[PDB]
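The next block is coords_10.tsv, given as TSV, C-alpha atoms.
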chain	number	residue	atom	x	y	z
A	2	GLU	CA	1.29	-15.20	159.29
A	3	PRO	CA	1.00	-11.80	157.42
A	4	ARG	CA	-2.07	-9.93	158.75
A	5	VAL	CA	-3.63	-6.54	157.87
A	6	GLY	CA	-4.86	-4.68	160.89
A	7	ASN	CA	-5.27	-7.50	163.28
A	8	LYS	CA	-8.28	-8.77	161.23
A	9	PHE	CA	-7.34	-10.07	157.74
A	10	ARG	CA	-4.65	-12.44	156.47
A	11	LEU	CA	-2.96	-11.78	153.02
A	12	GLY	CA	-2.66	-14.49	150.30
A	13	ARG	CA	-2.56	-15.29	146.55
A	14	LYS	CA	-1.59	-12.27	144.41
A	15	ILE	CA	-4.78	-12.16	142.31
A	16	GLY	CA	-3.48	-9.24	140.19
A	17	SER	CA	-2.60	-5.53	140.15
A	18	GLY	CA	-3.54	-2.06	138.79
A	19	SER	CA	-2.15	1.49	138.45
A	20	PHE	CA	-1.93	2.02	142.27
A	21	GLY	CA	-0.03	-1.27	142.84
A	22	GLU	CA	-0.97	-4.78	143.89
A	23	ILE	CA	-4.12	-6.85	144.60
A	24	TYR	CA	-4.13	-9.83	147.04
A	25	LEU	CA	-6.74	-12.40	148.11
A	26	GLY	CA	-7.30	-11.97	151.84
A	27	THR	CA	-9.48	-13.64	154.44
A	28	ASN	CA	-11.30	-12.17	157.41
A	29	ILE	CA	-9.88	-13.99	160.52
A	30	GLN	CA	-13.09	-14.23	162.61
A	31	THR	CA	-15.49	-15.13	159.76
A	32	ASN	CA	-13.19	-16.68	157.15
A	33	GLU	CA	-14.83	-14.53	154.44
A	34	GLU	CA	-12.59	-13.83	151.45
A	35	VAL	CA	-11.98	-10.18	150.62
A	36	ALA	CA	-9.78	-8.20	148.22
A	37	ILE	CA	-6.68	-6.49	149.66
A	38	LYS	CA	-5.20	-3.58	147.64
A	39	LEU	CA	-1.71	-2.33	148.61
A	40	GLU	CA	-0.20	0.96	147.43
A	41	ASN	CA	3.32	2.11	148.22
A	42	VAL	CA	3.09	5.30	150.32
A	43	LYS	CA	5.78	6.70	148.04
A	44	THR	CA	3.79	6.49	144.70
A	45	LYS	CA	3.40	9.62	142.60
A	46	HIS	CA	-0.35	9.38	142.31
A	47	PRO	CA	-1.69	7.81	145.56
A	48	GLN	CA	-5.36	6.85	145.19
A	49	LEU	CA	-6.32	4.34	147.85
A	50	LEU	CA	-7.22	6.83	150.60
A	51	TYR	CA	-9.19	9.00	148.20
A	52	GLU	CA	-11.06	5.91	147.03
A	53	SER	CA	-11.88	4.86	150.58
A	54	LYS	CA	-13.63	8.21	150.97
A	55	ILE	CA	-15.48	8.05	147.65
A	56	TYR	CA	-16.67	4.49	148.37
A	57	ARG	CA	-18.03	5.74	151.75
A	58	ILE	CA	-19.93	8.43	149.91
A	59	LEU	CA	-21.31	5.86	147.41
A	60	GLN	CA	-22.07	3.14	149.95
A	61	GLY	CA	-25.42	1.41	149.46
A	62	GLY	CA	-25.81	2.16	145.72
A	63	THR	CA	-26.59	-0.89	143.56
A	64	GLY	CA	-23.32	-2.30	142.13
A	65	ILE	CA	-21.06	-0.28	144.45
A	66	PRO	CA	-18.76	-2.66	146.33
A	67	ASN	CA	-18.18	-2.14	150.09
A	68	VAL	CA	-14.90	-1.14	151.71
A	69	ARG	CA	-14.11	-3.28	154.80
A	70	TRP	CA	-10.97	-1.51	156.05
A	71	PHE	CA	-8.51	1.20	155.20
A	72	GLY	CA	-5.21	2.16	156.79
A	73	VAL	CA	-1.51	2.81	156.40
A	74	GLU	CA	0.57	-0.09	157.64
A	75	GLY	CA	4.37	0.25	157.41
A	76	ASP	CA	5.15	1.34	153.84
A	77	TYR	CA	1.67	0.76	152.27
A	78	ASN	CA	-1.77	2.30	152.16
A	79	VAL	CA	-3.99	-0.77	152.47
A	80	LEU	CA	-7.58	-0.92	151.14
A	81	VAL	CA	-9.59	-4.03	151.96
A	82	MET	CA	-12.86	-4.47	150.07
A	83	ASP	CA	-15.50	-6.92	148.77
A	84	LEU	CA	-14.15	-9.53	146.34
A	85	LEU	CA	-15.86	-9.31	142.94
A	86	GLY	CA	-15.93	-11.50	139.76
A	87	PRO	CA	-14.34	-11.04	136.34
A	88	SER	CA	-14.17	-7.60	134.66
A	89	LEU	CA	-16.11	-6.96	131.42
A	90	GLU	CA	-12.76	-6.93	129.57
A	91	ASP	CA	-12.03	-10.42	130.97
A	92	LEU	CA	-15.45	-11.61	129.96
A	93	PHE	CA	-15.20	-9.91	126.54
A	94	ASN	CA	-12.05	-12.08	126.00
A	95	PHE	CA	-13.84	-15.21	127.12
A	96	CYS	CA	-16.55	-14.29	124.58
A	97	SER	CA	-14.16	-14.07	121.58
A	98	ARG	CA	-14.07	-10.26	121.72
A	99	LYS	CA	-17.53	-9.55	120.29
A	100	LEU	CA	-20.77	-9.45	122.38
A	101	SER	CA	-24.34	-10.09	121.09
A	102	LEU	CA	-26.71	-7.10	120.91
A	103	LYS	CA	-28.81	-8.71	123.70
A	104	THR	CA	-25.84	-8.81	126.06
A	105	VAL	CA	-24.85	-5.20	125.13
A	106	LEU	CA	-28.44	-3.93	125.91
A	107	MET	CA	-28.65	-5.85	129.29
A	108	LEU	CA	-25.25	-4.27	130.16
A	109	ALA	CA	-26.17	-0.80	128.93
A	110	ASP	CA	-29.19	-0.69	131.34
A	111	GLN	CA	-27.08	-1.39	134.36
A	112	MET	CA	-24.09	0.71	133.31
A	113	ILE	CA	-26.21	3.77	132.64
A	114	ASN	CA	-27.72	3.22	136.12
A	115	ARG	CA	-24.26	3.02	137.70
A	116	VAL	CA	-23.16	6.24	136.01
A	117	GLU	CA	-26.38	8.08	137.00
A	118	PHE	CA	-25.82	6.94	140.63
A	119	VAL	CA	-22.24	8.18	140.81
A	120	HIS	CA	-23.34	11.45	139.23
A	121	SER	CA	-26.29	11.66	141.79
A	122	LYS	CA	-23.67	11.81	144.56
A	123	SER	CA	-22.05	14.73	142.71
A	124	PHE	CA	-19.00	12.86	141.26
A	125	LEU	CA	-17.66	12.10	137.77
A	126	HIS	CA	-15.95	8.81	137.36
A	127	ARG	CA	-13.69	9.95	134.47
A	128	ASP	CA	-12.19	6.58	133.56
A	129	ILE	CA	-15.17	4.64	132.14
A	130	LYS	CA	-13.71	1.52	130.49
A	131	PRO	CA	-14.46	-2.19	130.39
A	132	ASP	CA	-11.84	-3.04	133.06
A	133	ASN	CA	-13.68	-0.82	135.58
A	134	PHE	CA	-16.84	-2.83	135.49
A	135	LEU	CA	-16.88	-6.20	137.25
A	136	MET	CA	-19.54	-8.89	137.61
A	137	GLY	CA	-20.56	-9.83	141.17
A	138	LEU	CA	-20.06	-13.14	142.84
A	139	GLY	CA	-22.40	-16.05	143.50
A	140	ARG	CA	-25.92	-14.72	143.82
A	141	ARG	CA	-24.98	-11.31	142.48
A	142	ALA	CA	-23.41	-12.88	139.34
A	143	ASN	CA	-25.98	-11.02	137.18
A	144	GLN	CA	-25.12	-7.54	138.65
A	145	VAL	CA	-22.61	-5.20	137.07
A	146	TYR	CA	-20.35	-3.32	139.57
A	147	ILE	CA	-18.37	-0.16	138.96
A	148	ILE	CA	-14.92	0.17	140.50
A	149	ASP	CA	-11.74	2.40	140.52
A	150	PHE	CA	-12.53	5.89	141.71
A	151	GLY	CA	-8.86	6.85	141.45
A	152	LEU	CA	-9.57	9.53	138.82
A	153	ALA	CA	-12.98	10.58	140.27
A	154	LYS	CA	-13.79	14.23	140.81
A	155	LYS	CA	-16.60	16.27	142.29
A	156	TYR	CA	-18.47	18.23	139.53
A	157	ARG	CA	-20.93	20.13	141.76
A	158	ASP	CA	-21.47	21.39	145.31
A	159	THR	CA	-23.46	18.68	147.13
A	160	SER	CA	-25.55	21.32	148.87
A	161	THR	CA	-26.27	23.94	146.22
A	162	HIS	CA	-25.76	21.89	143.00
A	163	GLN	CA	-23.58	24.74	141.77
A	164	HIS	CA	-21.62	23.04	138.95
A	165	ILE	CA	-17.82	23.39	138.71
A	166	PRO	CA	-16.70	26.12	136.24
A	167	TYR	CA	-15.68	25.65	132.64
A	168	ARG	CA	-11.92	25.31	131.94
A	169	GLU	CA	-9.87	24.54	128.76
A	170	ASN	CA	-6.17	23.82	128.89
A	171	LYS	CA	-5.95	20.58	130.72
A	172	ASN	CA	-3.72	17.63	130.36
A	173	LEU	CA	-5.24	14.45	128.99
A	174	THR	CA	-6.26	12.01	131.74
A	175	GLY	CA	-8.38	9.07	130.67
A	176	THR	CA	-7.57	5.88	128.93
A	177	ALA	CA	-7.07	7.09	125.34
A	178	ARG	CA	-9.12	4.36	123.67
A	179	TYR	CA	-12.35	5.39	125.62
A	180	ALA	CA	-11.74	9.11	126.40
A	181	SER	CA	-14.30	11.67	125.19
A	182	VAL	CA	-13.33	14.01	122.30
A	183	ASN	CA	-13.56	16.97	124.70
A	184	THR	CA	-11.08	15.13	126.93
A	185	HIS	CA	-8.55	14.87	124.04
A	186	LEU	CA	-9.13	18.57	123.44
A	187	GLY	CA	-8.09	19.44	127.01
A	188	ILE	CA	-11.56	20.58	128.05
A	189	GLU	CA	-12.80	20.11	131.68
A	190	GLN	CA	-14.81	16.86	131.94
A	191	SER	CA	-18.40	16.85	133.10
A	192	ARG	CA	-21.30	14.37	133.14
A	193	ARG	CA	-21.56	14.23	129.37
A	194	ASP	CA	-17.98	12.92	129.06
A	195	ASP	CA	-18.72	9.91	131.36
A	196	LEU	CA	-21.69	9.13	129.12
A	197	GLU	CA	-19.75	9.51	125.85
A	198	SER	CA	-17.03	7.13	127.18
A	199	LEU	CA	-19.72	4.58	128.12
A	200	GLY	CA	-21.02	4.84	124.51
A	201	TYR	CA	-17.50	3.93	123.27
A	202	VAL	CA	-17.44	1.06	125.72
A	203	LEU	CA	-20.73	-0.26	124.38
A	204	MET	CA	-19.62	0.08	120.72
A	205	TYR	CA	-16.31	-1.70	121.51
A	206	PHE	CA	-18.37	-4.66	122.77
A	207	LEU	CA	-20.91	-4.60	119.96
A	208	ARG	CA	-18.52	-3.96	117.03
A	209	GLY	CA	-15.58	-6.00	118.50
A	210	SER	CA	-13.21	-2.98	118.13
A	211	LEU	CA	-13.26	0.81	117.79
A	212	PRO	CA	-11.86	2.39	114.58
A	213	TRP	CA	-9.04	4.22	116.50
A	214	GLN	CA	-7.51	1.06	117.99
A	215	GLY	CA	-4.25	-0.29	116.59
A	216	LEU	CA	-3.07	3.12	115.25
A	217	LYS	CA	0.65	3.25	114.59
A	218	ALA	CA	2.94	5.98	116.04
A	219	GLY	CA	6.43	6.55	117.38
A	220	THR	CA	5.65	7.41	120.99
A	221	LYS	CA	2.60	7.56	123.25
A	222	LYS	CA	2.05	11.28	122.92
A	223	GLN	CA	2.09	10.95	119.11
A	224	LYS	CA	-0.23	7.90	119.33
A	225	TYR	CA	-2.54	9.86	121.54
A	226	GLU	CA	-2.81	12.68	118.95
A	227	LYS	CA	-3.53	10.14	116.21
A	228	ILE	CA	-6.29	8.70	118.42
A	229	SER	CA	-7.91	12.18	118.95
A	230	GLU	CA	-7.71	12.88	115.23
A	231	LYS	CA	-9.33	9.54	114.23
A	232	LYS	CA	-12.15	10.10	116.80
A	233	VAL	CA	-12.86	13.56	115.33
A	234	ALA	CA	-12.64	12.09	111.81
A	235	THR	CA	-15.09	9.18	112.53
A	236	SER	CA	-18.70	10.42	112.14
A	237	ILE	CA	-21.42	8.99	114.42
A	238	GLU	CA	-22.97	7.44	111.29
A	239	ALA	CA	-19.68	5.66	110.47
A	240	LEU	CA	-19.15	4.41	114.01
A	241	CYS	CA	-22.71	3.06	114.27
A	242	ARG	CA	-23.05	1.87	110.62
A	243	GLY	CA	-24.91	-1.40	110.31
A	244	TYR	CA	-25.89	-1.33	114.04
A	245	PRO	CA	-29.27	-0.29	115.50
A	246	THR	CA	-30.12	3.39	115.18
A	247	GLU	CA	-30.48	3.60	118.94
A	248	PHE	CA	-26.62	3.65	119.24
A	249	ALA	CA	-26.28	6.66	116.88
A	250	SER	CA	-29.06	8.44	118.87
A	251	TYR	CA	-27.11	7.72	122.04
A	252	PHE	CA	-24.11	9.61	120.60
A	253	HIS	CA	-26.21	12.38	119.17
A	254	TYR	CA	-27.71	12.98	122.56
A	255	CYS	CA	-24.26	13.06	124.25
A	256	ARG	CA	-23.03	15.56	121.66
A	257	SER	CA	-26.08	17.79	122.38
A	258	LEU	CA	-25.14	18.21	126.02
A	259	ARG	CA	-23.65	21.51	127.15
A	260	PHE	CA	-20.83	21.50	129.75
A	261	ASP	CA	-23.11	21.80	132.74
A	262	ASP	CA	-26.30	20.08	131.47
A	263	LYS	CA	-27.84	17.34	133.57
A	264	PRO	CA	-28.20	14.29	131.29
A	265	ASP	CA	-31.59	12.71	130.70
A	266	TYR	CA	-30.51	9.20	131.74
A	267	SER	CA	-34.21	8.00	131.36
A	268	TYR	CA	-34.22	8.95	127.75
A	269	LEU	CA	-30.99	6.96	127.03
A	270	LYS	CA	-32.18	3.92	128.96
A	271	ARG	CA	-35.54	4.08	127.21
A	272	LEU	CA	-33.89	3.97	123.80
A	273	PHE	CA	-32.18	0.67	124.61
A	274	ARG	CA	-35.12	-0.73	126.59
A	275	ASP	CA	-37.54	-0.16	123.67
A	276	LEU	CA	-35.04	-1.72	121.26
A	277	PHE	CA	-34.69	-4.74	123.58
A	278	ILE	CA	-38.48	-5.27	123.64
A	279	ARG	CA	-38.81	-4.80	119.85
A	280	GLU	CA	-36.13	-7.47	119.24
A	281	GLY	CA	-38.14	-9.97	121.30
A	282	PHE	CA	-35.30	-10.79	123.64
A	283	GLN	CA	-36.06	-12.09	127.06
A	284	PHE	CA	-34.53	-10.10	129.90
A	285	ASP	CA	-33.25	-13.14	131.80
A	286	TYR	CA	-29.88	-12.60	132.95
A	287	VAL	CA	-28.27	-14.76	130.37
A	288	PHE	CA	-25.27	-12.92	129.04
A	289	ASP	CA	-23.02	-14.40	126.30
A	290	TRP	CA	-20.68	-15.72	128.95
A	291	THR	CA	-23.56	-17.16	130.95
A	292	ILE	CA	-24.81	-19.28	127.95
A	293	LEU	CA	-21.20	-20.19	127.08
A	294	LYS	CA	-20.42	-21.62	130.56
A	295	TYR	CA	-23.40	-23.96	130.28
Representation of the structure as structure tokens:
Amino acid sequence: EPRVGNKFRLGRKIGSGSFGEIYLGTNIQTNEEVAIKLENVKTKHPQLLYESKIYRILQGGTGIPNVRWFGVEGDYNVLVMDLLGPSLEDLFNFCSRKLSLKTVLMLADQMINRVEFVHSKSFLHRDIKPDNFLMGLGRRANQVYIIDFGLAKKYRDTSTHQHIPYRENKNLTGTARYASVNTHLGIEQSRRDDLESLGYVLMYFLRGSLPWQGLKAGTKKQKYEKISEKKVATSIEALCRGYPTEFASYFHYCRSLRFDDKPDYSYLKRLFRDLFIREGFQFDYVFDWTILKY
């Protein structure tokens, strides 16, 4: 019936996203199931072709899914890629919207690795949020993947490591709930902003909410300004109060980074790894959702 290229068949609409729609496809020769993403060639912000190129650059990294096929067919850009499992936001919901410290530290170790990897290939991700991390399937069920390079941008020359220049009057571009303060302020994002967003992601899991959720306003642009203000008004102490000191030190370190500094990812990982050991947890890969399903 409906085929993409002459190699995949399209099926169940397993969801969508900013670009457009997601379908469950099958390779015709092998019968392997794959994800098919379709984007109207008319859209205002096309991202599928750009992603196909970024995923080629990132290919082979741990937790980077593979692209199987890209092309324009009729009125759509079509991106076919590995099928993955539930997103961390999906699993956070399954887990009653609060995750154990043990789960948060097993996640942090992988997520910091995924960020360092993307940055090692000279890109910023720039939309770090729970929906953009997915668990793998079957045997890779314990591995965290990073997806959606639609907002990605190169921060340095891949040859010279000359960093992009500083800039200040930008439009706001993340997801407001996880965006860095500098992002709200219209400052050019760099490596430190990806790490500060990941810190918010981790505190959202650990605390169950962030203190700038559920703010009331009249329109998005007003709600966005309320969100920046509350972020600025929430001290690191207040955000991390009653949680291990390691999380405050994570934010202190992010705040210490200048625009072009290369982060010490080892240092951040070490904080959480030493905490994990000191708590006596076993590093098995038994996340809250893993224990819950059995």
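You will find CA of residue 156 in chain A at 10.6 Å from CA of residue 260 in chain A.
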Atomic separation - CA of residue 13 in chain A relative to CA of residue 77 in chain A, Å: 17.6 Å
Residue neighbourhood residue 148 in chain A, 8 Å, only C-alpha atoms, exclusion window fewer than 3 positions, as a PyMOL selection string: chain A and resi 65-66+133-135
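Interatomic distance, CA of residue 86 in chain A to CA of residue 146 in chain A: 9.3 Å.
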Long-range neighbours of residue 226 in chain A as a compact mmCIF listing (two decimals) with C-alpha atoms, in the coordinates of the input, 12 Å cut-off, all atoms listed in the file, 6 positions minimum in chain:
# COMPACT_ATOMS: atom_id res chain seq x y z
CA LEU A 173 -5.24 14.45 128.99
CA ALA A 177 -7.07 7.09 125.34
CA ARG A 178 -9.12 4.36 123.67
CA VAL A 182 -13.33 14.01 122.30
CA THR A 184 -11.08 15.13 126.93
CA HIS A 185 -8.55 14.87 124.04
CA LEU A 186 -9.13 18.57 123.44
CA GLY A 187 -8.09 19.44 127.01
CA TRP A 213 -9.04 4.22 116.50
CA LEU A 216 -3.07 3.12 115.25
CA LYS A 217 0.65 3.25 114.59
CA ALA A 218 2.94 5.98 116.04
CA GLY A 219 6.43 6.55 117.38
CA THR A 220 5.65 7.41 120.99
CA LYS A 232 -12.15 10.10 116.80
CA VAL A 233 -12.86 13.56 115.33
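Neighbouring residues of range 126-128 of chain A at 9 Å or closer, counting only C-alpha atoms and skipping chain neighbours under 6 positions away, are residues 116, 119, 120, 149, 150, 151, 152, 153, 154, 155, 174, 175, 176, 179, 180, 190, 191, 192, 194, 195 and 198 of chain A.
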